[PDB]
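Under the entry's author numbering, the residues of the sequence shown are numbered 2168 to 2187, 2199 to 2237, in order.
We put the CB at the ideal spot given by N, CA and C, even for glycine.
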Amino acid sequence: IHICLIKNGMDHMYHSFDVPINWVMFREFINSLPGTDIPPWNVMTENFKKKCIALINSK
(Lines of atoms letter the chains of each structure in order from A and count residues from 1; the text may use other names and numbers.)
(Lines give C-alpha, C1' and ligand atoms only; values in the text may rest on other atoms or scores of the structure.)
Protein backbone atom coordinates (compact mmCIF):
# COMPACT_ATOMS: atom_id res chain seq x y z
CA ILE A 1 0.00 0.00 0.00
CA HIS A 2 2.88 2.36 0.87
CA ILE A 3 4.57 1.59 -2.47
CA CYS A 4 1.44 2.27 -4.51
CA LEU A 5 0.88 5.49 -2.56
CA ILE A 6 4.47 6.41 -3.47
CA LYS A 7 3.76 5.71 -7.17
CA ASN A 8 0.48 7.72 -7.09
CA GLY A 9 2.16 10.69 -5.32
CA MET A 10 0.07 10.15 -2.15
CA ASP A 11 3.23 9.59 -0.04
CA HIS A 12 1.78 12.39 2.15
CA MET A 13 -1.36 10.30 2.68
CA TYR A 14 0.31 7.17 4.04
CA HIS A 15 2.32 8.46 7.02
CA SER A 16 -0.92 10.35 7.88
CA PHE A 17 -2.67 7.11 8.97
CA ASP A 18 -4.82 7.11 12.14
CA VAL A 19 -7.71 5.17 13.71
CA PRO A 20 -11.04 5.75 11.84
CA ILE A 21 -13.33 0.44 19.64
CA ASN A 22 -15.81 -0.46 16.83
CA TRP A 23 -14.46 -4.05 16.61
CA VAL A 24 -17.84 -5.40 15.36
CA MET A 25 -17.63 -2.77 12.56
CA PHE A 26 -13.99 -3.83 11.87
CA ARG A 27 -15.20 -7.47 11.59
CA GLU A 28 -17.96 -6.33 9.15
CA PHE A 29 -15.45 -4.47 6.92
CA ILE A 30 -13.02 -7.40 6.84
CA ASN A 31 -15.55 -10.13 6.06
CA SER A 32 -17.01 -8.08 3.19
CA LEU A 33 -13.73 -7.29 1.39
CA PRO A 34 -13.73 -8.98 -2.04
CA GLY A 35 -11.01 -11.35 -3.19
CA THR A 36 -9.29 -11.03 -6.55
CA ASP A 37 -8.35 -13.88 -8.91
CA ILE A 38 -5.79 -12.96 -11.65
CA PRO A 39 -3.10 -11.30 -9.39
CA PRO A 40 -0.56 -13.25 -7.22
CA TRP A 41 -2.43 -11.23 -4.52
CA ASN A 42 -5.45 -13.54 -4.97
CA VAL A 43 -4.08 -16.04 -2.37
CA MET A 44 -2.30 -13.44 -0.20
CA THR A 45 -5.37 -11.18 0.23
CA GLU A 46 -7.61 -14.15 1.22
CA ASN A 47 -4.92 -15.56 3.57
CA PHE A 48 -4.71 -12.10 5.14
CA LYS A 49 -8.47 -12.01 5.66
CA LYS A 50 -8.48 -15.56 7.06
CA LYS A 51 -5.74 -14.78 9.57
CA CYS A 52 -7.37 -11.48 10.54
CA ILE A 53 -10.81 -13.01 11.10
CA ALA A 54 -9.37 -15.93 13.08
CA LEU A 55 -7.31 -13.57 15.24
CA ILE A 56 -10.19 -11.17 15.92
CA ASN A 57 -12.56 -14.06 16.68
CA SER A 58 -10.00 -15.34 19.17
CA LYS A 59 -9.82 -11.76 20.48
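Delimiting residues of the alpha helix (DSSP H) encompassing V2221: For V2221, the enclosing alpha helix (DSSP H) stretches over residues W2219 to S2236.
Nearest residue (CA-CA) to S2183, options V2202, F2204, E2206 and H2169: If you compare the alpha carbons of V2202, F2204, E2206 and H2169 with that of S2183, the shortest gap goes to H2169.
Backbone secondary structure at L2211 - three-state DSSP: In the structure shown, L2211 sits in coil (DSSP, three-state: anything other than H, G, I, E or B).
Cβ-Cβ separation, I2231 to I2208 (assumed contact under 8 Å), whole Å: Contact between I2208 and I2231 is confirmed by a C-beta separation of about 6 Å, below the 8 Å threshold.
Helix, strand or coil at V2186 according to DSSP, with G and I counted as helix: Note: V2186 maps to coil in three-state DSSP.
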